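J.: Dropping a structure here in structure tokens format, bear with me for questions.
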Amino acid sequence: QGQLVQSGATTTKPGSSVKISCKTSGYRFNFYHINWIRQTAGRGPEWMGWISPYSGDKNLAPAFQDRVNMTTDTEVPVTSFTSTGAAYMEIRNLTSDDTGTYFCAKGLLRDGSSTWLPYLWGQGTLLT
Amino acid sequence: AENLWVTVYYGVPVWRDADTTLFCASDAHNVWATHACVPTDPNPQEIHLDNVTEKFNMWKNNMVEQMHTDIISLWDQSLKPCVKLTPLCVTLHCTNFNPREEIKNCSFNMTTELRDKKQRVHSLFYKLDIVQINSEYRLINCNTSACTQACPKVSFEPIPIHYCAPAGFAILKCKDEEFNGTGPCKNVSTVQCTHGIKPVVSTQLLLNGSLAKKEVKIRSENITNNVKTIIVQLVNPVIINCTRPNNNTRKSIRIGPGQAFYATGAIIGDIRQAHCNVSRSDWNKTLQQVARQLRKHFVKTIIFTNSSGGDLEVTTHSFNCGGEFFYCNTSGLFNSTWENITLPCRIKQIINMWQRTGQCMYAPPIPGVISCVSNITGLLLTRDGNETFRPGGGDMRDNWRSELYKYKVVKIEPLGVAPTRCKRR
Amino acid sequence: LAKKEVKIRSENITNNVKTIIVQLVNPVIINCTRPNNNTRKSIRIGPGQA
Amino acid sequence: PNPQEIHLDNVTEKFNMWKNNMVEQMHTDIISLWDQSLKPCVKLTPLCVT
Amino acid sequence: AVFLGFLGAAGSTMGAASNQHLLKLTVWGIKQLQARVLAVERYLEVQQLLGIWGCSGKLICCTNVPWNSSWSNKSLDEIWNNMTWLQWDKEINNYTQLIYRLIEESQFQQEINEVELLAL
Amino acid sequence: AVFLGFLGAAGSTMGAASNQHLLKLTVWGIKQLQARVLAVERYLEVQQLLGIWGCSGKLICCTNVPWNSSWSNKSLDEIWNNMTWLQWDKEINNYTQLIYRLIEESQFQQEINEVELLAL
Amino acid sequence: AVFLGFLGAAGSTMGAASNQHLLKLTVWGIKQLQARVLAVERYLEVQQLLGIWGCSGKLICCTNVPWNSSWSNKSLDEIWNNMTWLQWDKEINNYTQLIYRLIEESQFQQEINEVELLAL
Ligand SMILES: *[C@@H]1O[C@H](CO)[C@@H](O[C@@H]2O[C@H](CO)[C@@H](O[C@@H]3O[C@H](CO[C@H]4O[C@H](CO)[C@@H](O)[C@H](O[C@H]5O[C@H](CO)[C@@H](O)[C@H](O)[C@@H]5O)[C@@H]4O)[C@@H](O)[C@H](O[C@H]4O[C@H](CO)[C@@H](O)[C@H](O)[C@@H]4O)[C@@H]3O)[C@H](O)[C@H]2NC(C)=O)[C@H](O)[C@H]1NC(C)=O
Ligand SMILES: *[C@@H]1O[C@H](CO)[C@@H](O[C@@H]2O[C@H](CO)[C@@H](O[C@@H]3O[C@H](CO)[C@@H](O)[C@H](O)[C@H]3NC(C)=O)[C@H](O)[C@H]2NC(C)=O)[C@H](O)[C@H]1NC(C)=O
Ligand SMILES: *[C@@H]1O[C@H](CO)[C@@H](O[C@@H]2O[C@H](CO)[C@@H](O[C@@H]3O[C@H](CO)[C@@H](O)[C@H](O)[C@@H]3O)[C@H](O)[C@H]2NC(C)=O)[C@H](O)[C@H]1NC(C)=O
Ligand SMILES: *[C@@H]1O[C@H](CO)[C@@H](O[C@@H]2O[C@H](CO)[C@@H](O[C@@H]3O[C@H](CO)[C@@H](O)[C@H](O)[C@@H]3O)[C@H](O)[C@H]2NC(C)=O)[C@H](O)[C@H]1NC(C)=O
Ligand SMILES: *[C@@H]1O[C@H](CO)[C@@H](O[C@@H]2O[C@H](CO)[C@@H](O[C@@H]3O[C@H](CO)[C@@H](O)[C@H](O)[C@@H]3O)[C@H](O)[C@H]2NC(C)=O)[C@H](O)[C@H]1NC(C)=O
Ligand SMILES: *[C@@H]1O[C@H](CO)[C@@H](O[C@@H]2O[C@H](CO)[C@@H](O)[C@H](O)[C@H]2NC(C)=O)[C@H](O)[C@H]1NC(C)=O
Ligand SMILES: *[C@@H]1O[C@H](CO)[C@@H](O[C@@H]2O[C@H](CO)[C@@H](O)[C@H](O)[C@H]2NC(C)=O)[C@H](O)[C@H]1NC(C)=O
Ligand SMILES: *[C@@H]1O[C@H](CO)[C@@H](O[C@@H]2O[C@H](CO)[C@@H](O)[C@H](O)[C@H]2NC(C)=O)[C@H](O)[C@H]1NC(C)=O
Ligand SMILES: *[C@@H]1O[C@H](CO)[C@@H](O[C@@H]2O[C@H](CO)[C@@H](O)[C@H](O)[C@H]2NC(C)=O)[C@H](O)[C@H]1NC(C)=O
Ligand SMILES: *[C@@H]1O[C@H](CO)[C@@H](O[C@@H]2O[C@H](CO)[C@@H](O)[C@H](O)[C@H]2NC(C)=O)[C@H](O)[C@H]1NC(C)=O
Ligand SMILES: *[C@@H]1O[C@H](CO)[C@@H](O[C@@H]2O[C@H](CO)[C@@H](O)[C@H](O)[C@H]2NC(C)=O)[C@H](O)[C@H]1NC(C)=O
Ligand SMILES: *[C@@H]1O[C@H](CO)[C@@H](O)[C@H](O)[C@H]1NC(C)=O
Ligand SMILES: *[C@@H]1O[C@H](CO)[C@@H](O)[C@H](O)[C@H]1NC(C)=O
Ligand SMILES: *[C@@H]1O[C@H](CO)[C@@H](O)[C@H](O)[C@H]1NC(C)=O
Ligand SMILES: *[C@@H]1O[C@H](CO)[C@@H](O)[C@H](O)[C@H]1NC(C)=O
Ligand SMILES: *[C@@H]1O[C@H](CO)[C@@H](O)[C@H](O)[C@H]1NC(C)=O
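Structure representation (structure tokens):
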């Protein structure tokens, strides 16, 4: 189960630095990576990066190496295996090329070869 | 293309909520029989359970209901070999004292080493331990139960008790600072025994205890329900300073062959009033701390008043100090709606302690002067239903809840079966 | 009760000093009652002793 | 009825009859055997008359 | 007494976690006595299952009972690289009594096939 | 506590049968306490023979001590297809102590031959 | 109860030695009760090390931990044909806790290599 509701579809103008939220429910927020992948209108789907809500470790794409700031606040425990965390992501020198729908997805597993694979996607926030 | 078979695993990290018997441990004697407990490990090992969140409930714990019965058994076991005061239930002939705290000088006929002979001896009795018959007085307990006076060699000195779990069981310690006492805990570690818990018996004010690491934390069950006791736990300890000033003397009677009732002798020197001192602007500083946390749950002005009324043990800061049992009047402590403040205390000798069905103890008079200093680390209020809180406390077991809220007992189920691609050839 | 036929048990039946034990098959109902309406009067022979 | 004994050849052990615990333990057992036997007996409190 | 080190990895995945004398009947003495009896009882309670399943002295023993997929439909990547031993028990706690009886008889039938094998 | 199902075939042939807490010293508490101690004592009493004979975790273990015909002269059809485990014990109950000592040393000599074998 | 026959060769070399019911809380009853509990406690205390080292049911089990010469520098003729088991313990009693942990993990790593081996 689980649902990763995203922020609002707010659109600004070039030069801005919009922040996109992604709060989770129904699963252990610290047990899986969070992942952000956009779908540019004039490009193929582009993977941006994942961060570990537990270790606090980040790994992003070269096209977003010094352009994206993504963070996560700690989880609010609900039961032994349910938490309510949140994931935020910003962009630096945003232009009209970054126009498109943005997604947040959680990791596939918590060990092995495909640990961080974006398995459970959110809802999507439409940008400029 | 899997071919999975059941595989047995011995020693898997899985436990189960359970209740068992907890044995005691102590460090390097008093009523708590700490000489009978095993020596504590000088290095108390703790294993942190990373990625683990467990649900605690300080109000539905069994360590409380089990420790409460252990202290009552430790109390009764220590009074078994002591002297019975059945012959002390004779007709008293009392007069007043001197040209609050009323004291009487009572003369009575008493037995001696020989059955046929008597003795006309006199003793001092606090007015609270004695009722008038209608001036012929009578000990307040003789009409309901006998009384066993304490063996004067044992002490009521509360020293730390370590409650340990048996082999094959475990204790889960919640380490989250702002832990509400109930609900999930994100910083959970497992231990074999609890920390050193002192069985400090008190009322309204919790003396000598564990503080909050930051911000005065408040604990309860149904906050909306006023019949549920609230338990405050202070962050910085206000120091209470108590003393019984009167220089008492011990006069040993002999009510039989080997039975020696220790009577209250004369009062050498001045006659003063037993009381306690706590610091203003410190009780006031730490009451605005409890205040702003009481409003986080109740939106609204909050008021402080005195106890409701009834028995003396219920409506007073009853505690122990040097051997004698004080009964301090805390109307001057809880009296503010959001240099010292002295609490007039009375002193009783006939105490029932655990509110049991007819069993009391005669506290013998401690010779000399009595003075004790105690931290005030906790509190227990009672809402009415202008959100006023009167210092009540409900039951006595809530004392042990204030220190056991971090611990919880679980049993190990080290057996687990899971599929693997191996087959027993 | 005995499931059928009143069964009798003993050790040495020929010996009379050995107790015989009968076990009935159908139970006869005995009906007992003390009719006098008694009242309890509690004395106090000591502190707590009544 | 046949108290078995196993001889330890080539073995020399250091004893100390004065720092033994069998003594301090038997002494407490005899005192407990003494007091346990007097528990059900008659107390002579009334015999303490003039 | 033994160890709570097993418990170190209670939140880790299943693939990571797996990889003086004299008696006195005082209130503390009776308390400490049952703790001693309650330990050897719970210990042998587990240790007799390991013996009757042909797994005494073993930490991980493979059996011969196939995994009936009705007990769990999850993948080997969904189990050993995701679930923890604490939550995997809650999912399978219904069939634990049904599985413990199969391992009990798989050992029993293995014993009679050995008494026929070693007779040659 | 364990099972009396073993006892189901007490009249069958040998080939068919083989194929809360808190302690209180009340009169019932002392009664129920010794039952707990008397169980683990009788259990390990048997379980240490199985261990010292090299048969821990086994239900049927073959040994290396030959069958001395003076213990019983009956045929394998007269034993496993006729006698019951209850009456076979009465016939052999004289040599049970004499047999338990041979299985005890057959295991002991097997252990020293293994410490010489695995040294290669 | 068991045997003090092991002790027969306490002075011999290491190579020669190796090669009714009802409970009543009377002063004797409490004495005889703890002796019964103190026996099963000390017995399983040793028997759980043998189980966790993969040596249950064994008298002499070979391990896989090499002999670190810092534990003892003596020759095999200086040990098995000279020292007695009583004095050899005093020489090595410092590293006994350091050795008992290696045999404990040599068994643990052997178990995971078997669960990978029998998976073929
Ligand atoms: C508590 O619970 C959490 C979450 O459930 C557990 O954290 C997860 O653990 C698993 C397994 O250990 C992790 O999966 C692995 O992911 C790594 C990816 O990290 C690598 O890449 C980083 C970016 O490139 C790099 O910085 C890392 O390097 C070091 O730096 C960080 C700094 O914090 C440090 O934390 C790291 O540990 C590194 O030391 C790192 O190299 C990946 O490498 C793993 O793949 C290997 O291992 C698997 C076997 O596990 C194997 O199959 C692969 O083929 C490959 O060999 C593996 O995918 C996961 O990322 C963690 N975080 C999550 C899920 O959010 C935590 O372990 C639990 N702790 C306890 C005590 O229970
Ligand atoms: C109010 O109650 C007090 C009881 O706590 C009375 O006693 C005074 O307490 C002070 C606080 O401890 C003492 O001063 C302390 O002295 C020691 C010794 O040097 C220092 O370590 C402390 O720092 C120091 N504390 C402070 C705050 O200065 C006083 O010594 C002690 N009084 C006497 C006579 O010794 C107060 O007297 C009482 N006040 C009133 C007005 O009733
Ligand atoms: C609780 O209150 C009591 C009394 O109010 C405090 O005791 C007091 O402690 C001070 C500590 O210095 C004593 O002062 C010293 O007294 C000696 C002896 O007279 C003198 O030589 C020194 O010069 C100094 O004045 C003081 O006498 C003593 N008072 C009494 C009545 O005993 C106690 O410290 C308080 N405890 C707290 C606040 O924790
Ligand atoms: C809260 O804790 C404090 C300190 O732990 C307690 O004060 C202590 O009180 C005892 C007596 O009740 C003092 O010990 C004894 O004093 C007598 C009288 O001289 C003596 O005969 C004994 O040998 C022993 O010394 C003890 O000194 C004192 N501690 C300190 C630091 O002053 C206090 O009683 C506790 N409060 C409650 C309610 O339990
Ligand atoms: C043992 O003997 C007693 C008395 O001989 C039996 O008690 C009687 O039970 C009958 C049952 O119907 C009662 O009759 C009813 O009495 C009520 C109240 O008076 C009346 O309203 C009915 O119309 C009917 O007459 C009878 O009163 C009662 N007698 C007494 C003295 O209590 C009892 O049943 C016998 N138990 C056996 C045979 O197992
Ligand atoms: C033992 O004595 C106490 C004290 O007198 C009794 O409590 C009193 O009960 C009478 C009832 O007639 C009241 O008038 C008093 O007001 C009560 N006193 C207090 C302080 O509450 C108690 O009931 C007596 N116990 C028994 C068993 O009779
Ligand atoms: C009463 O409270 C004071 C203050 O918290 C305690 O003194 C502290 O004791 C701990 C433990 O040794 C020290 O780490 C702190 O530094 C002490 N604080 C100060 C200000 O000295 C004192 O131990 C408490 N006493 C009782 C009986 O509870
Ligand atoms: C309380 O009164 C007693 C007397 O009843 C005092 O005891 C005397 O103390 C002095 C101390 O210098 C001794 O020299 C005397 O021998 C004591 N007299 C007796 C009869 O023992 C005691 O000092 C008083 N307490 C205080 C705190 O002053
Ligand atoms: C309590 O009253 C008795 C009277 O019965 C007091 O005892 C008297 O004390 C004075 C002063 O020492 C003596 O002269 C008398 O001989 C005593 N009378 C008897 C009958 O003993 C006793 O002192 C009083 N108690 C107190 C503390 O004042
Ligand atoms: C506790 O002390 C307070 C005063 O410090 C007492 O308060 C008085 O109570 C009586 C009875 O209701 C009132 O008539 C007075 O007006 C109060 N005086 C005040 C508030 O200054 C109180 O009675 C004491 N309680 C006990 C149980 O001793
Ligand atoms: C036995 O006698 C007592 C009186 O000593 C009876 O008790 C009365 O019962 C009636 C029932 O209607 C009550 O209304 C009275 O209040 C009782 N009196 C007292 C003093 O308690 C009792 O009923 C008699 N028993 C029978 C079976 O009739
Ligand atoms: C002691 O008893 C006698 C009667 O035996 C009586 O006259 C005297 O007043 C009594 N003294 C007391 C109670 O102090
Ligand atoms: C205590 O805090 C927990 C937070 O997990 C909350 O669920 C619970 O309702 C709170 N209870 C009270 C009495 O404040
Ligand atoms: C748990 O408590 C320890 C105590 O020092 C602390 O270091 C650690 O950061 C805490 N972890 C969490 C998640 O609160
Ligand atoms: C309560 O406070 C009021 C106002 O400060 C004061 O007049 C009164 O005396 C106080 N009562 C007590 C018991 O301290
Ligand atoms: C009871 O019946 C049995 C039948 O097996 C018989 O052997 C025995 O003698 C009888 N005893 C008595 C006392 O009737």
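Protein chains in written order, with the entry's author numbering: chain D, 1 to 52, 52A, 53 to 72, 72A to 72H, 73 to 82, 82A to 82C, 83 to 100, 100A to 100F, 101 to 110; chain G, 31 to 58, 66 to 136, 151 to 185, 189 to 309, 312 to 321, 321A, 322 to 354, 357 to 395, 412 to 458, 465 to 504; chain G', 265 to 309, 312 to 316; chain G'', 79 to 128; chain B, 517 to 535, 563 to 663; chain B', 517 to 535, 563 to 663; chain B'', 517 to 535, 563 to 663. A prime marks a further copy of an entry chain.
Where a beta carbon is used, it is the ideal one built from N, C-alpha and C, also for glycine.
Count the other CB atoms, across all protein chains shown, that sit within 10 Å of the CB of residue 95 of chain G''; report buried if there are 16 or more and exposed otherwise.
T.: exposed
J.: CB residue 301 of chain G to CB residue 324 of chain G, shorter than 8 Å?
T.: yes
J.: For the pair the segment 31-40 of chain G and the segment 603-611 of chain B, tell me if three or more CB-CB distances fall below 8 Å.
T.: yes
J.: Can you find at least 3 beta carbon pairs, one from the segment 265-272 of chain G' and one from the segment 623-630 of chain B, that sit closer than 8 Å?
T.: no
J.: Does the Cβ of residue 378 of chain G lie closer than 7 Å to at least one heavy atom of ligand 4?
T.: Yes, the beta carbon of residue 378 of chain G sits closer than 7 Å to at least one heavy atom of ligand 4.
J.: Taking only three categories from DSSP, how would you classify residue 189 of chain G?
T.: Reduced to three states, the DSSP call for residue 189 of chain G is coil.
J.: Do residue 72 of chain D and ligand 14 come close, with the Cβ less than 7 Å from some heavy atom?
T.: Relative to the non-hydrogen atoms of ligand 14, the Cβ of residue 72 of chain D never comes closer than 7 Å to any of them.
J.: Tell me whether residue 43 of chain G is buried or exposed, calling it buried when 16 or more other Cβ atoms sit within 10 Å of its Cβ.
T.: Within 10 angstroms of the beta-carbon of residue 43 of chain G lie 16 or more other beta-carbons, which makes it buried.
J.: Measuring only the C-alpha atoms, how far is residue 92 of chain G'' from residue 45 of chain G?
T.: 49 Å
J.: Where DSSP assigns a beta bridge to residue 500 of chain G, which residues make up the other side?
T.: Beta-bridge pairing links residue 500 of chain G to no other residue.
J.: Pick helix, strand or coil for residue 315 of chain G', following the three-state DSSP scheme.
T.: strand
J.: Since residue 486 of chain G sits in a beta bridge, which residues does DSSP pair it with?
T.: Beta-bridge analysis with DSSP links residue 486 of chain G to G/227.
J.: Is residue 413 of chain G near ligand 2, with its Cβ less than 7 Å from a heavy atom?
T.: yes
J.: Please classify residue 178 of chain G: does DSSP put it in a helix, a strand, or coil?
T.: helix
J.: Less than 7 Å between the CB of residue 253 of chain G and some heavy atom of ligand 7, yes or no?
T.: Result no, Cβ not under 7 Å from ligand 7.
J.: Identify the continuous alpha helix (DSSP H) that holds residue 644 of chain B' and give its terminal residues.
T.: 639-660
J.: Does the beta-carbon of residue 184 of chain G have 16 or more other beta-carbons within 10 angstroms, so that it is buried, or is it exposed?
T.: exposed
J.: Less than 7 Å between the CB of residue 197 of chain G and some heavy atom of ligand 6, yes or no?
T.: yes
J.: In angstroms with no decimal places, state the Cα-to-Cα distance between residue 528 of chain B and residue 88 of chain G.
T.: 7 Å
J.: Among G/234, G/351 and G/474, which residue has its Cα nearest to the Cα of residue 466 of chain G?
T.: Comparing Cα-Cα distances from residue 466 of chain G to each of G/234, G/351 and G/474, the minimum goes to G/351.
J.: Can you list, in chain order, the stretches of the alpha helix (DSSP H) that have 4 or more residues and sit fully within the segment 604-642 of chain B'?
T.: 619-622 and 628-635
J.: Which partner residues of residue 443 of chain G appear in the DSSP bridge assignment?
T.: Answer is G/298, bridged to residue 443 of chain G.
J.: Could you pull the start and end residues of the beta strand (DSSP E) that residue 68 of chain D belongs to?
T.: 67-72F
J.: Between residue 305 of chain G and residue 316 of chain G, how many whole angstroms is the CB-CB distance? I'm expecting something under 8 Å.
T.: The Cβ separation is near 10 Å, so there is no contact.
J.: Exposed or buried, which one is residue 522 of chain B'' when buried takes at least 16 other CB atoms within 10 Å?
T.: exposed
J.: Say yes only if the C-beta of residue 392 of chain G is nearer than 7 Å to one or more non-hydrogen atoms of ligand 15, and no if none qualify.
T.: yes
J.: So, using beta-carbon positions, are residue 453 of chain G and residue 258 of chain G closer together than 8 Å?
T.: yes
J.: Taking 5 Å as the limit, name every residue whose beta carbon sits nearer than that to some heavy atom of ligand 3, in sequence order.
T.: Result: G/295 and G/446.
J.: If we ignore side chains and look at the alpha-carbon of each, how far apart do residue 67 of chain D and residue 39 of chain G end up?
T.: 46 Å
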